[PDB]
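Heads up, the thing below is written out as structure tokens.
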Amino acid sequence: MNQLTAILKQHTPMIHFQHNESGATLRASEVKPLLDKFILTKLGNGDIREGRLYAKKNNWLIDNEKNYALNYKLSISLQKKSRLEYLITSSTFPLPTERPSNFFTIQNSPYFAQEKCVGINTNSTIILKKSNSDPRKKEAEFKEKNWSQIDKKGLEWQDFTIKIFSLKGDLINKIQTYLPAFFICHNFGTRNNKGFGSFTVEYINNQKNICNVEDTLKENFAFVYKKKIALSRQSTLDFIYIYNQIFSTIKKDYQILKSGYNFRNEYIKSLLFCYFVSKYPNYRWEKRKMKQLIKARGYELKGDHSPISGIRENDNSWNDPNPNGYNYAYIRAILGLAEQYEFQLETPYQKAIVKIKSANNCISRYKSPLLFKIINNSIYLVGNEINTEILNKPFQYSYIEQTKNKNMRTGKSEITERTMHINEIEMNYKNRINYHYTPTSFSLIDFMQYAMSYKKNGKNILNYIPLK
Amino acid sequence: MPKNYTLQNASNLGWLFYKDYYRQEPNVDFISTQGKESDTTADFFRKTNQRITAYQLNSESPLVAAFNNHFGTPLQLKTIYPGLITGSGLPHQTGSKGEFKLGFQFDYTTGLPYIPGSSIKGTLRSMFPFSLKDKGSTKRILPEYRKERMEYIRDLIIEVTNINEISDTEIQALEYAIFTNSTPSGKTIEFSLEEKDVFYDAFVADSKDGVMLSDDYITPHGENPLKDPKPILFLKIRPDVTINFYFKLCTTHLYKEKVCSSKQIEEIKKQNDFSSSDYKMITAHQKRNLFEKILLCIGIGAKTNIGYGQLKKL
Amino acid sequence: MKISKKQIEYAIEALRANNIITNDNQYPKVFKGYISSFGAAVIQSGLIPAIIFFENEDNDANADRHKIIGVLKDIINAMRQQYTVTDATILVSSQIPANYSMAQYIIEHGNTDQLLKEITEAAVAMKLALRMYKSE
């Protein structure tokens, strides 16, 4: 027909930068381009160019020569505006008891930006203040003016409407065929790799949609993994605990994959490091190289241990063997460019900052290749192959010292910037194989299979393997 | 500078957005390459933007009351969350930081944001089948265009009127009478003074408890997924803002797939050949409801394919 | 406003020099729209803001719109080359320097009246000159 009306169900909250508006909802300006790309890819059977030729045929294109855009109109409307707002932080902070009815908190979440909304400052929404009780525990205060001017909010809506209008009936039929798969495949909002903004289609033209989520995920993704989540017969009626557990588990699993887990007395070696150690001629952590460089100049890093020199029981060392040094590389760049590494040295109030930048202005960012899909309180880890453009790329490191001093009793602020130590640089060292370059050989499927098969008396990341 | 846009104390929004936006203040540089991304330029443009986006429109505004007096009863519609963008092609781009990249349609005298009557007329005619000109560059796409728009307009006409079944030729005649006020061949129909369809300008009428203008971001992520995106800043009409659509519509009389005036039908009805089946009429209210349904289906303005300019019944 | 034949000749030469009119006497379609938009921007935003609009080449989505400012400057220079020696509304101490940005030139010399008149005349002349030749 002409109009396609669908009712969407929200599974995880969406981080929206225009939360100030009452009617704020999922913007069609993201959905329509993504929907166009998805529909063209599925029309060409994995080839967007063949799909674009197919859509050039039948005259389904606005722009026959130029763009990927299809001729339809997207409208996303909220039926009822009872907003359920969330505060998302990557740190565990004490929860206050003075809140509006629709304020809820997610702590130890992968969303790490907007972390200054808690702490001690006049702008933080949750103002942590000293308590007359034991100093080991801190209370909290909620300020409505600061909460009204926050940059982004986690929002959860009720069932809302997506309207698709087109004068091309065949395009409308194709869109009806492909829309549930599209909403099962893509997450929306900020930090959509980590599970925020998960939506599914409930009704299409007043008809319920029955789509096997696992089958769609297998069809449209290379590797699929599902996590054995559990509910203790009580949190079924409390969504906050479910959300918190799901996002904490997501953060823990991703930390294990990328950078390991050392917080509370537990140490799980980063699986990326182990995979690169065990494979073809070994690539080791760039972080180990920066730690050695900052060791060789001065101030000792906090932590009564040593860098990990490989996989073994307590394989702890600070040096290299008598032959040539290890083949270092930017191991952790494949899962996302970080642009800054923070190192806490032995004395408090000073910290080493490593600024990461592309040698030439060619690489600026990289989305995490992994995608976390949260549907009906189940965690799905999906992913295609990585962007090969990042492999064998040069990276430049700029070390900077930041010594947070005592407050000047007038501003209580930070001006502790004017320090920078000149360490040694190893550009082109070992014929452009050093901590300035990426491993130039990596398959996401192979590493993902290597992970969740590493184990000790039980496999670490408790996900079984439905991969395609 | 204050809220509650009034004739007594309020800057002209169009003047502030087009002429005072780029005023040559001392120690502000937006001509040189270095000055365009300077922070002073950003602060200057940011303060101008703050002034622009701080005005309110009371429901009982004398301006909108005068508009209702002059242009008749309004068609009141509100805006959905994305907003409403019009006149985006008007040049308002210097390449500086913190500036509104796209243009905006303001009334010259009043300064209130508005939708010109030509925009309304073209948006309504686009869904009608005989909008594309048979000129040669459109030979390929004319047939399918006409077919799909004819089907949609037939559905709308049947739904809104009491006509049980209307033909393609009658649809052509109705469209040409409504918009061109003539026959499809260009021949003028002997119409009276009040038998003309006038599409007045649409004016902002009510921003209930907020401002009527706001700033939005469109961020095109590049073809290269590794380079940073380039945000675009523009001015939008805020959600839940009442837009008043003013029309002057007539009654369209159709006899034997032809459009006739009131007098011609008055004489034709009396003749002892008047077929009731071959007579169709669309009142002004039915035509207004047809236009209302077209607007509620497709919306008006720019960036409509991505949800902007979508209207809801008040 | 009457445009002389010499002004149209200057417009033709400036269009040729700025590589708008090709060797085979043909010009890109969007240039006439560029001229009309420049006139409308001058009316709507002012001379300096309009010149800043049309001097910014960072768009990279339309055609190369910065050529129209070069044509305008060339026409203005050619017109100034043959100003009579009365020195009342002449202001031709010299031509506009080639590497100068025209907006900066307008800022430096507060004779916005004369520059506005010359720019309007040059824009009309360039419109006529483009109307002489063939589109795509």
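Quick note on naming: the chains in the structure tokens go A, B, ... in the order shown, residues restart at 1 in each chain, and ligands are numbered from 1 in order of appearance.
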
Per-residue nearest contacts of region 63-136 of chain A to region 38-41 of chain A (12 Å; only C-alpha atoms) as a tab-separated table:
residue	atom	partner	partner_atom	distance
A:67	CA	A:40	CA	11.6
A:68	CA	A:40	CA	7.9
A:69	CA	A:40	CA	9.4
A:70	CA	A:40	CA	9.0

Output as a tab-separated table one row per residue of chain A within 10 Å of chain B: the closest atom pair and its distance in Å to one decimal place, counting only C-alpha atoms, sorted by chain and residue number ascending.
residue	atom	partner	partner_atom	distance
A:1	CA	B:152	CA	9.6
A:2	CA	B:152	CA	8.0
A:3	CA	B:297	CA	8.7
A:17	CA	B:217	CA	9.7
A:18	CA	B:216	CA	8.6
A:21	CA	B:81	CA	7.5
A:22	CA	B:81	CA	8.1
A:23	CA	B:81	CA	5.3
A:24	CA	B:81	CA	5.9
A:25	CA	B:81	CA	7.6
A:26	CA	B:82	CA	9.5
A:27	CA	B:82	CA	7.2
A:28	CA	B:306	CA	5.1
A:29	CA	B:306	CA	5.0
A:30	CA	B:306	CA	8.3
A:31	CA	B:306	CA	8.4
A:32	CA	B:306	CA	6.5
A:33	CA	B:306	CA	8.8
A:59	CA	B:141	CA	8.6
A:69	CA	B:305	CA	9.8
A:70	CA	B:305	CA	9.5
A:71	CA	B:305	CA	8.1
A:72	CA	B:305	CA	6.4
A:73	CA	B:305	CA	4.1
A:74	CA	B:306	CA	5.4
A:75	CA	B:307	CA	4.7
A:76	CA	B:307	CA	7.1
A:77	CA	B:80	CA	7.3
A:78	CA	B:81	CA	8.8
A:163	CA	B:307	CA	9.4
A:164	CA	B:305	CA	9.3
A:165	CA	B:298	CA	7.6
A:166	CA	B:298	CA	9.3
A:167	CA	B:148	CA	5.9
A:168	CA	B:148	CA	7.2
A:169	CA	B:148	CA	8.7
A:337	CA	B:226	CA	9.7
A:361	CA	B:227	CA	8.9
A:362	CA	B:227	CA	7.1
A:363	CA	B:226	CA	5.5
A:364	CA	B:227	CA	5.2
A:365	CA	B:226	CA	5.0
A:366	CA	B:226	CA	5.7
A:367	CA	B:225	CA	8.2
A:387	CA	B:225	CA	9.0
A:389	CA	B:226	CA	8.7
A:390	CA	B:226	CA	8.6

Would you mind listing, for every residue of chain B within 10 Å of chain C, the two atoms forming the shortest contact and the distance between them in Å to one decimal, using only C-alpha atoms, sorted by chain and ascending residue number, as CSV?
residue,atom,partner,partner_atom,distance
B:14,CA,C:44,CA,9.5
B:15,CA,C:45,CA,8.6
B:17,CA,C:45,CA,8.9
B:18,CA,C:45,CA,5.1
B:19,CA,C:45,CA,4.9
B:20,CA,C:45,CA,8.5
B:21,CA,C:45,CA,8.7
B:22,CA,C:49,CA,6.3
B:23,CA,C:49,CA,8.6
B:24,CA,C:107,CA,8.7
B:30,CA,C:52,CA,8.3
B:31,CA,C:52,CA,6.6
B:32,CA,C:104,CA,8.4
B:33,CA,C:56,CA,9.4
B:89,CA,C:37,CA,9.8
B:90,CA,C:41,CA,8.1
B:91,CA,C:41,CA,6.6
B:92,CA,C:53,CA,7.2
B:93,CA,C:53,CA,5.8
B:94,CA,C:53,CA,5.0
B:95,CA,C:56,CA,6.5
B:96,CA,C:56,CA,9.6

query = region 44-47 of chain B: which residues within 8 Å, counting only C-alpha atoms, same-chain residues fewer than 6 positions away excluded, as number ranges by chain?
reply = B: 21, 28, 97-99

Can you write just those residues out, C-alpha atoms, as an mmCIF file, in the first residue's frame?
data_model
loop_
_atom_site.group_PDB
_atom_site.id
_atom_site.type_symbol
_atom_site.label_atom_id
_atom_site.label_comp_id
_atom_site.auth_asym_id
_atom_site.auth_seq_id
_atom_site.Cartn_x
_atom_site.Cartn_y
_atom_site.Cartn_z
ATOM 1 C CA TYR B 21 23.878 37.838 12.334
ATOM 2 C CA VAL B 28 35.499 39.518 15.554
ATOM 3 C CA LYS B 97 32.040 27.929 13.907
ATOM 4 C CA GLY B 98 28.782 27.953 15.830
ATOM 5 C CA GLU B 99 26.784 29.473 12.970
#

inquiry  = Can you tell me which residues surround residue 256 (chain A) at a distance of at most 9 Å, considering only C-alpha atoms, apart from same-chain residues fewer than 5 positions away, and format the answer as JSON, numbers by chain?
reply    = {"A": [251, 261, 268, 269, 270, 271, 272, 460, 461]}

Residues of region 63-228 of chain B in strand (DSSP E), written as a short mmCIF file (atom, residue, chain, number, x, y, z; two decimals) with N, CA, C and O atoms, in the first residue's frame:
data_model
loop_
_atom_site.label_atom_id
_atom_site.label_comp_id
_atom_site.auth_asym_id
_atom_site.auth_seq_id
_atom_site.Cartn_x
_atom_site.Cartn_y
_atom_site.Cartn_z
N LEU B 75 -6.51 26.95 9.80
CA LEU B 75 -6.38 25.51 9.98
C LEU B 75 -5.20 25.30 10.93
O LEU B 75 -4.04 25.43 10.53
N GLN B 76 -5.50 24.98 12.18
CA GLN B 76 -4.49 24.91 13.22
C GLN B 76 -3.91 23.50 13.28
O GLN B 76 -4.65 22.53 13.49
N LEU B 77 -2.60 23.39 13.08
CA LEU B 77 -1.88 22.13 13.18
C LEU B 77 -0.63 22.35 14.02
O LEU B 77 -0.11 23.47 14.10
N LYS B 78 -0.16 21.28 14.65
CA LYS B 78 1.03 21.34 15.48
C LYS B 78 2.14 20.50 14.86
O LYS B 78 1.92 19.72 13.94
N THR B 79 3.35 20.67 15.39
CA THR B 79 4.54 20.04 14.84
C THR B 79 5.00 18.89 15.72
O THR B 79 4.90 18.96 16.95
N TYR B 114 7.44 31.57 8.98
CA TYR B 114 6.24 31.29 8.21
C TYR B 114 6.57 30.33 7.07
O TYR B 114 7.73 30.11 6.73
N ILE B 115 5.52 29.75 6.51
CA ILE B 115 5.59 28.91 5.33
C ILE B 115 4.91 29.66 4.19
O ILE B 115 3.69 29.88 4.24
N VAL B 198 -7.15 30.23 -3.07
CA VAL B 198 -6.02 31.05 -2.65
C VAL B 198 -5.31 30.36 -1.51
O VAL B 198 -5.93 30.02 -0.49
N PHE B 199 -4.01 30.15 -1.66
CA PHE B 199 -3.18 29.52 -0.64
C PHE B 199 -2.38 30.61 0.05
O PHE B 199 -1.31 31.00 -0.43
N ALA B 202 1.32 30.38 5.75
CA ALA B 202 1.12 29.73 7.02
C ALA B 202 2.02 30.38 8.06
O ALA B 202 3.22 30.51 7.85
N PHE B 203 1.43 30.79 9.17
CA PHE B 203 2.15 31.52 10.20
C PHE B 203 2.18 30.73 11.50
O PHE B 203 1.24 29.98 11.80
N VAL B 204 3.26 30.89 12.25
CA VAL B 204 3.32 30.36 13.60
C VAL B 204 2.29 31.09 14.45
O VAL B 204 2.21 32.33 14.43
N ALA B 205 1.48 30.34 15.18
CA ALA B 205 0.40 30.92 15.96
C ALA B 205 0.55 30.75 17.46
O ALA B 205 0.08 31.61 18.20
N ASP B 206 1.18 29.68 17.92
CA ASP B 206 1.22 29.41 19.36
C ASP B 206 2.37 28.48 19.67
O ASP B 206 2.39 27.33 19.20
N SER B 207 3.34 28.96 20.44
CA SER B 207 4.29 28.12 21.14
C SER B 207 3.86 28.15 22.61
O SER B 207 4.07 29.15 23.30
N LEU B 213 11.51 28.74 18.22
CA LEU B 213 12.68 28.38 17.43
C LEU B 213 13.67 27.61 18.29
O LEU B 213 13.84 27.90 19.48
N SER B 214 14.33 26.63 17.68
CA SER B 214 15.32 25.83 18.37
C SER B 214 16.40 25.43 17.37
O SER B 214 16.21 25.53 16.15
N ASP B 215 17.53 24.97 17.89
CA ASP B 215 18.66 24.55 17.07
C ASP B 215 18.79 23.04 17.12
O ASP B 215 18.69 22.42 18.18
N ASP B 216 19.02 22.44 15.96
CA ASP B 216 19.17 21.00 15.84
C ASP B 216 20.48 20.68 15.13
O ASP B 216 21.07 21.53 14.46
N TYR B 217 20.93 19.44 15.30
CA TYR B 217 22.18 18.97 14.72
C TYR B 217 21.90 17.83 13.76
O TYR B 217 21.24 16.86 14.12
N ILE B 218 22.41 17.96 12.54
CA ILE B 218 22.50 16.85 11.60
C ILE B 218 23.98 16.57 11.40
O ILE B 218 24.74 17.47 11.03
#

ask   = Quick one: residues within 6 Å of region 8-14 of chain C, only C-alpha atoms counted, chain neighbours fewer than 3 positions away excluded, as a PyMOL selection string?
value = chain C and resi 5+17+71+74-75+125-126+129

task = Do a neighbour search on residue 135 (chain C) at 10 Å with only C-alpha atoms, toss out local chain neighbours closer than 6 positions, and write the hits as a ChimeraX atom specification.
result = /C:21,25-32

ask   = Using only C-alpha atoms, which residues sit within 8 Å of residue 246 (chain A) once same-chain residues fewer than 3 positions away are excluded, as a ChimeraX atom specification?
value = /A:242-243,249-250,377,379

Write the selection just made, keeping C-alpha atoms, as a short mmCIF file (atom, residue, chain, number, x, y, z; two decimals), in the first residue's frame?
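As a result, out39.cif now contains:
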data_model
loop_
_atom_site.label_atom_id
_atom_site.label_comp_id
_atom_site.auth_asym_id
_atom_site.auth_seq_id
_atom_site.Cartn_x
_atom_site.Cartn_y
_atom_site.Cartn_z
CA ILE A 242 17.88 -6.50 35.34
CA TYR A 243 19.32 -3.53 33.45
CA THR A 249 28.01 -8.20 32.59
CA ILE A 250 28.51 -6.53 29.20
CA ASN A 377 16.74 -9.79 28.62
CA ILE A 379 22.67 -10.84 25.56
#

ask   = What residues in region 8-134 of chain C get the DSSP label helix (DSSP H, G or I)? Please answer as a ChimeraX atom specification.
value = /C:8-17,30-45,47-55,67-81,102-108,112-132
